[PDB]
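Note sheet for the following structure.
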There are 6 protein chains.
Amino acid sequence: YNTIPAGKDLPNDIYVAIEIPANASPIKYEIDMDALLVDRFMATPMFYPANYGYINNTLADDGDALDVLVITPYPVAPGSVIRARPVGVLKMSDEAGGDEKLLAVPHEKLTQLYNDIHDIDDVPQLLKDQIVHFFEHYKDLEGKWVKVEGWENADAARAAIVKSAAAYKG
Amino acid sequence: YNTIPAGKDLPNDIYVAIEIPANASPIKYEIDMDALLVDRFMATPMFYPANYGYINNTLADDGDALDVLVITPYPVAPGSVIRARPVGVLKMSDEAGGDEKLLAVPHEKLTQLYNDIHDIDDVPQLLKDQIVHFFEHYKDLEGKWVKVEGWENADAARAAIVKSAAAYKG
Amino acid sequence: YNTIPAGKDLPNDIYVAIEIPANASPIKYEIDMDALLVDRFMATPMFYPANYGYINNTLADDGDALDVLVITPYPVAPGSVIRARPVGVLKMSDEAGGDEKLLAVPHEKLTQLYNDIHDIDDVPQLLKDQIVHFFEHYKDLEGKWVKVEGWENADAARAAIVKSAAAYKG
Amino acid sequence: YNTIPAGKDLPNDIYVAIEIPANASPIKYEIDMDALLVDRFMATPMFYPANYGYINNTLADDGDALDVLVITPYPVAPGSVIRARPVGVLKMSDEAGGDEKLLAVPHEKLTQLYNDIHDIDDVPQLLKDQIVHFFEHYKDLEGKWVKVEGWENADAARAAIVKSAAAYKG
Amino acid sequence: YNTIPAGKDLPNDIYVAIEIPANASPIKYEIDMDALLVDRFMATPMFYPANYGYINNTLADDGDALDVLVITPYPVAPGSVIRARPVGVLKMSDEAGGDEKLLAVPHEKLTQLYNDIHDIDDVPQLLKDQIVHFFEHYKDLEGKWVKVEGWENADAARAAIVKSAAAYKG
Amino acid sequence: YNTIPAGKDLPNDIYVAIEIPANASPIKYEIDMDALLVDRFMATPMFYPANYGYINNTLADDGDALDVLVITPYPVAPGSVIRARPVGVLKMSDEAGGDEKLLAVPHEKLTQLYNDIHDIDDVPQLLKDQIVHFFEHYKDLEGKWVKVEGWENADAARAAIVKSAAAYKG
Ligand code: NA
Ligand code: NA
Ligand code: NA
Ligand code: NA
Ligand code: NA
Ligand code: NA
Ligand code: NA
Ligand code: NA
Ligand code: NA
Ligand code: NA
Ligand code: NA
Ligand code: NA
């Protein structure tokens, strides 16, 4: 997992290592040890609206790799890697400070399904609202809290990827 | 579905017709027509912490049959019937007025797993907290709202079953 | 199953009794006997791109009830009923003569997901192409064959529902 | 469920109403009330090697309808009906006396997969051994016990169907 | 898999690499090659009552790493790692000599669900009885046999972890 | 994944690294990076009739490792390895030239289920016909095409493994 590239051509052509599939049981996996760890069994009765993972060889303003949600037509396996392109970013804050969750779709080479989704406005509204709801509430029953600020666009997402890839010094 | 009895011996020995399994996809089934209808695809990214259905031949102070959640070791099929016994009731309110969701376990004849669960205090705390969280939030993305008041005990649940069975005049 | 209405307000507000879920194992259920029968285990290694069923109290120009595919965000259970609205119809022929498979989305009351899908052009192209492919090929390994003609619009679908409801004399 | 025929042409062409799918979670459904009931959550950590149900309008020497296991390439839904043909019968005894579990395959009209399975010798040995093991052990953790005697052939199965259909007086 | 630590703080704070999820299909995975191998398709129609794996960098009195079952609210993926704490150990014998299967729960950091389970008496009786039944019978249809002796407590489990970690010389 | 052996004893005793399980969702995984990548979401509404992967340290006349389908009683996880033995090979062509898909069963040590399957004639006809159908059609909705030639026997499969293992120079 340490050796997966951030992307073929940052910031628009990235690899996301998926930790948690969309619509899965409430097991919060995290890739550590070179291993898929169980970080927690999520306490709230919720599921991730899209697959959740990160871009390797990035360092977010919060100390871990940059987080990314990837929309797919079928949930992918934990630990699998998906070639993707960013379409937006959700800004938030928690008990540990600021955070952002990018939103991405699979690269055109993987599927024609998202050929008309190029920026955050193109993503179905209900899915965005569900991602917001999830991040507002998923920690409600964990000493952990979350405040969600709002969406920014694909340029802002690409900016996050550039910043975080530059910050990585490993 | 019209012809399923409320129970072998109300209020402590009931039948619950299950509409929605625990931990299922967000399809909100309702038994109508003598049919399992799709009432809605739930908008919020949540799941029912326990199986959800109702007692036939009851009329809740809200116009439909009395609602009951049934804890089981494995989610049951929509449309199946489970012989159960009440252990508590969760009181709430919504856009249509007052409401209550009973909590029950399968009858002893079905499983020895719940032999030590006789009242609401005996139910695992996290499961209660998850049921509360679910009812507080499940309608967040639907013109529909919900305020949750709190738990009452097995006697209060049995009282709800008596009241609702008396109210049924069909 | 005999007693489910064709719809609240034909032709635009219908009920579809689902026989086969989208993306399911290759069991071709049919509602008979008032029962969910197994008609066949499908020989070809394919799945239905959308839920498949029929409108009760209709008689298609082919002798059985009018067939309808219903797009949903999650596959529904066999034997469940979904309130739906037509968006198009796929015309074809087989070893028994002409046939048509309507395409529908859930009624607005069930979900906001399809508020912008009002006619066949609004349906994602790949999904249409997959439905075509499925009907072209699903009988390839069964003495049964199928020739697919092409899509017609929501008005043509509504016309099929009117014709078939009129033809029903039961 | 009361109104499903025993078969198109007994004893070789039967209908089996399935209660429990092959390879399913340990929920022991039974068709009652015209309803799919949960009879028990099975205590032993086992699964049915083949779908399990019964032939309607039969009365086994044990007081309930004749029991039948149906081999299929994919587990079927509880409550569905499968047109089948008998290939053997497993004789046993329990806390309530003698019992027999027929073994059947889907009718040729449903699948070509079993065209070479006409009697008990033709059934894969491991599957037979697993069905034996299951019936020997499934009640180990329930005041209920079971002794398994052995297989008899398709003629003996057909004989069981004739006897049980004659015994039904409802 | 070779490089996963035995634990943060043996013997009470361990890592278990899971090979087989609870309630899964009968595929007996084993971690080898640095790979998840299929060791066998289990012949008996049974499932593991809890997730099954081992502690890395241990050597059991039987030649392979120390075996551990981990109770979780949802089955975890094969190949994932769970931080756990021992609560008991099941002693047995087979065709190759003595053996022991530890029982553990996830560490408090992963879930509050097991805060009241500190020793073997606190584990639900039926689950213990099912684990016993499984180990008594899972090899019934494999030239392989098993005799189960009985449970010992959390101190005995911790003793097994100490012994086995000391024995590892790799 | 780079370090998994081709086999214990080529050509009859091989290891297949599985990329795509039988009967799975249409995610076309490929093992790359030492990683399970998503190569594509398959456009056609089809599934693999048997698990699909490759033999490591082989080079097919087409530039990648030799492809193998492995029949199992339960689909295995992507990324798992199965010890297998060849029973036949399906010859074909595509947009990139000639290709072959071996067919194999698990080694006897893993299961007794295939003890009577030693060559291609012994494999169930419908399964062969489904594998043919799948390879004829799976690329129908992808600028990619496929022409299927026909089956050859277990000796021809073993010949393919010898040729491809010799060709590997890594
Ligand atoms: Na972050
Ligand atoms: Na919190
Ligand atoms: Na209510
Ligand atoms: Na609302
Ligand atoms: Na038709
Ligand atoms: Na045909
Ligand atoms: Na019987
Ligand atoms: Na017993
Ligand atoms: Na051991
Ligand atoms: Na044995
Ligand atoms: Na190839
Ligand atoms: Na093509």
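So you know, we letter chains A, B, ... as the sequences are listed, proteins then strands, and number each from 1. Values reported hereafter were calculated over all heavy atoms of this structure, with side chains retained and with hydrogens, waters and symmetry mates removed. Ligands are counted one by one from 1 in listed order, and the atoms in each one are counted from 1 as well.
In this structure, A:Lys147 places its NZ atom where more than 12 heavy-atom neighbours from other residues, nucleotides or ligands lie under 6.0 Å away.
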Salt bridge (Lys or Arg N to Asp or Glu O under 4.0 Å) evaluation trace for D:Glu19 with D:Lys28: CA-CA 8 Å; D:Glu19 287 168 319; D:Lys28 192 188 186 297; 5.8 Å; no

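One of the N, O or S atoms belonging to A:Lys144 lies under 3.0 Å away from the Na ion (ligand 2). Within the coordination shell of the Na ion (ligand 2), defined by N, O or S atoms under 3.0 Å, A:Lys139 is present. Residue contacts to the Na ion (ligand 7): D:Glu100 brings no N, O or S atom closer than 3.0 Å. Metal site remark for the Na ion (ligand 7): D:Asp64 contributes no N, O or S atom at a distance under 3.0 Å.
The N, O or S atom of D:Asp99 lying closest to the Na ion (ligand 7) is OD1. The closest approach of F:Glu142 to the Na ion (ligand 12), by N/O/S atoms, is made by O. Here the N, O or S atom of D:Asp62 that is nearest to the Na ion (ligand 7) is OD2. In terms of distance to the Na ion (ligand 7), the nearest N, O or S atom of D:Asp67 is named OD2.
Side-chain contact of F:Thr44 with F:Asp140: a donor-acceptor pair under 3.5 Å is absent, judged by distance alone. In this structure, a donor-acceptor pair under 3.5 Å is present between the side chains of C:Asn23 and A:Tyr74. With no hydrogens or angles considered, no side-chain donor-acceptor pair links D:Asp32 and D:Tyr1 at under 3.5 Å. Under 3.5 Å, the side chains of A:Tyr52 and A:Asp67 contain a donor-acceptor pair of N or O atoms.
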